[PDB]
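Colleague:
Number of protein chains: 2
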Amino acid sequence: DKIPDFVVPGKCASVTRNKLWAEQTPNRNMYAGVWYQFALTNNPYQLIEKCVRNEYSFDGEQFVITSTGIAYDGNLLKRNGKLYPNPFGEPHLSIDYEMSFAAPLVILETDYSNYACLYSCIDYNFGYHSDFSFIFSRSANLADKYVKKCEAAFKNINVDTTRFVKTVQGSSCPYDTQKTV
Amino acid sequence: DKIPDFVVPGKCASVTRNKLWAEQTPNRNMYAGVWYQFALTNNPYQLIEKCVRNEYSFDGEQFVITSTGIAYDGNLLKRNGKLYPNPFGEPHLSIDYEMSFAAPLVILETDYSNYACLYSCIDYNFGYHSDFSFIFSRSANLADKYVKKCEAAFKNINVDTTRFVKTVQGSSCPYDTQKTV
Ligand code: NA
Ligand code: NA
Ligand code: NA
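Line order of the protein sequences matches chains V and S.
If you want this note's numbering, it's the 1-based position in the first sequence plus 143.
If you want this note's numbering, it's the 1-based position in the second sequence plus 143.
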């Protein structure tokens with residue numbers, strides 16, 4: 144196997160989900176709003192290549208999401224998504240998008256006002272797993288102080304942080320147009 | 144570049160899904176039952192290797208599912224699942240399991256009493272798709288005339304049917320203990 148670097152030996156790491164869920168739930172509300180995708184690990188499901196801007200609305204229990212940016216063809220693209228508690232009572236969320244599936248999503252760490260470090264992990268039946276990570280920011284850019292928080296977080300459950308690829312963001316993005324869909 | 148049989152170049156074939164909710168929809172409502180996995184194509188997610196027995200019960204708009212059988216480690220395993228309409232209102236279903244994800248799913252064909260042919264496909268952004276196919280029976284056995292039905296249905300959407308592997312079923316299975324969970 145020369146590929147891919149999102150399939151990884153062993154089973155999905157233990158991340159102390161109950162603890163995160165206990166800490167994050169009373170603040171769930173401050174997770175609402177706009178998050179920009181600062182960086183992610185290799186992801187075969189992402190259709191929005193650049194200017195990735197995620198609009199989160201909260202209904203008191205689940206989130207609805209509008210994701211926008213420029214697709215791989217250079218065109219504007221909008222994808223609807225949802226973020227809600229596991230439908231089986233596990234201490235984590237499901238993130239679900241159209242023309243896609245639903246995956247576990249854990250927030251390893253967030254301050255709500257600057258950054259969030261996201262983790263999705265799926266176990267196979269042959270003793271491997273594949274995971275998918277994200278660094279979210281409230282700005283088109285993220286301070287080194289915060290990038291360093293997610294780095295430690297991802298090192299802490301042995302996600303290889305060299306796997307992160309920076310997302311195009313900043314003044315060249317049509318955020319203003321993205322807002323209107 | 145050793146490539147799994149279930150990762151295939153190209154996009155997910157188009158099934159007219161709207162046509163499948165017309166055909167493959169029963170005269171009268173089926174509220175409860177059990178199917179046995181007769182055969183499937185290679186699947187890295189399926190944790191139950193042998194004796195796969197799928198009991199469903201209907202509530203509201205989702206089938207509650209209990210999957211049991213023998214795991215790859217030789218031990219009995221039970222898995223809880225849910226089946227509901229795609230939440231973004233795509234003309235297909237989500238099949239969702241505890242400790243895994245929710246995948247899209249279509250019933251390619253069935254007669255409600257003998258067999259059912261099921262299909263799940265998803266598109267990747269790097270020019271591949273993964274699909275996963277199932278033949279179900281209401282008993283361990285299945286007449287070859289129904290197997291031929293599923294084969295044609297799968298061949299008709301360009302699934303190499305030489306990918307199917309028969310699942311161990313029969314009196315060697317501890318169905319009874321499986322029933323107790
Ligand atoms: Na990845
Ligand atoms: Na923001
Ligand atoms: Na009902």
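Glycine included, C-beta positions come from ideal geometry on N, C-alpha and C.
1) Along chain B, in chain order, which residues have C-beta atoms closer than 7 Å to that of residue 146 of chain V?
2) Whose CB is closer than 6 Å to a heavy atom of ligand 2? List the residues in chain order.
3) For residue 148 of chain V versus residue 306 of chain V, is the C-beta spacing smaller than 9 Å?
4) Less than 9 Å separating the beta-carbons of residue 182 of chain S and residue 275 of chain S?
5) Answer with yes or no whether the minimum CB distance from residue 266 of chain V to chain S is below 9 Å.
6) Identify the continuous beta strand (DSSP E) that holds residue 264 of chain V and give its terminal residues.
7) Please report how far the alpha carbon of residue 153 of chain S lies from the alpha carbon of residue 209 of chain V, in whole angstroms.
8) In terms of residues, what are the limits of the beta strand (DSSP E) holding residue 159 of chain V?
9) Where do the ends of the alpha helix (DSSP H) carrying residue 198 of chain V lie?
10) At a Cβ cut of 9 Å, what residues of the stretch 239 to 250 of chain S count as close to chain V, listed as they run along the chain?
11) Could you work out which residue in S:172, S:151, S:145 and S:163 is closest to residue 256 of chain S when comparing CA atoms only?
12) Let's test the definition: count the other Cβ atoms within 10 Å of the Cβ of residue 215 of chain V and tell me whether it reaches 16, buried, or not, exposed.
13) Nearer than 8 Å: is that true of the beta carbon of residue 285 of chain V relative to any heavy atom of ligand 1?
14) Would you say residue 202 of chain S touches ligand 3, meaning its beta carbon is less than 8 Å from a heavy atom?
15) 9 Å is my cut-off, CB to CB: does residue 228 of chain S come that close to chain V?
16) If you measure beta-carbon to beta-carbon, which residues of the stretch 178 to 196 of chain V are closer than 9 Å to chain S?
17) Taking a cut of 7 Å between CB atoms, which residues from the stretch 209 to 229 of chain S lie near chain V?
18) List, in order along the chain, the chain V residues whose C-beta lies closer than 8 Å to that of residue 233 of chain S?
19) Within its chain, find whatever has a CB closer than 6 Å to the CB of residue 262 of chain V; leave out the 5 residues flanking it on each side and keep chain order.
20) Can you find a heavy atom of ligand 3 that lies under 8 Å from the Cβ of residue 174 of chain S?
21) Which residues in chain S sit within 9 Å of residue 269 of chain V, going by Cβ to Cβ distance?
22) In chain V, which residues lie less than 9 Å from residue 237 of chain S when you measure between Cβ atoms?
23) Using 8 Å as the cut-off, can you tell me whether the stretch 181 to 198 of chain V makes contact with the stretch 315 to 322 of chain V, which would need three or more C-beta pairs spanning the two stretches below that distance?
24) Going by CA-CA distance only, name the one from V:288, V:234 and V:227 that's closest to residue 159 of chain V.
25) Do you know whose CA, among S:289, S:292 and S:237, lies nearest residue 205 of chain S's CA?
26) Just reading off the alpha helix (DSSP H) that residue 206 of chain S is part of, what are its end residues?
Modeller: Looking at the atomic coordinates:
1) This model lacks chain B altogether; the protein chains it does include are V and S.
2) V:176, V:177 and V:281
3) yes
4) No.
5) yes
6) Residue 264 of chain V -> beta strand (DSSP E) spans 258 to 266.
7) 27 Å
8) Residue 159 of chain V -> no beta strand (DSSP E), and no H or E assigned at all.
9) Unbroken run through residue 198 of chain V is the beta strand (DSSP E), 191 to 201; no alpha helix (DSSP H).
10) 239, 240, 241, 242, 243, 244, 245, 246 and 247
11) S:172
12) With fewer than 16 other Cβ atoms from the protein chains shown falling within 10 Å of its own Cβ, residue 215 of chain V counts as exposed.
13) no
14) yes
15) Chain V contact via Cβ: absent.
16) The stretch 178 to 196 of chain V vs chain S, Cβ under 9 Å: 186, 187, 188, 189, 190 and 192.
17) 215, 223 and 225
18) 241 and 242
19) 249, 251 and 276
20) yes
21) Ordered by position in chain S, the residues that pass the 9 Å Cβ test against residue 269 of chain V are 187 and 215.
22) 239, 244 and 245
23) The count of Cβ pairs closer than 8 Å, one atom from the stretch 181 to 198 of chain V and one from the stretch 315 to 322 of chain V, reaches three, so the stretches are in contact.
24) V:234
25) S:237
26) Premise fails: residue 206 of chain S lies in the beta strand (DSSP E), 205 to 214, not in any alpha helix (DSSP H).
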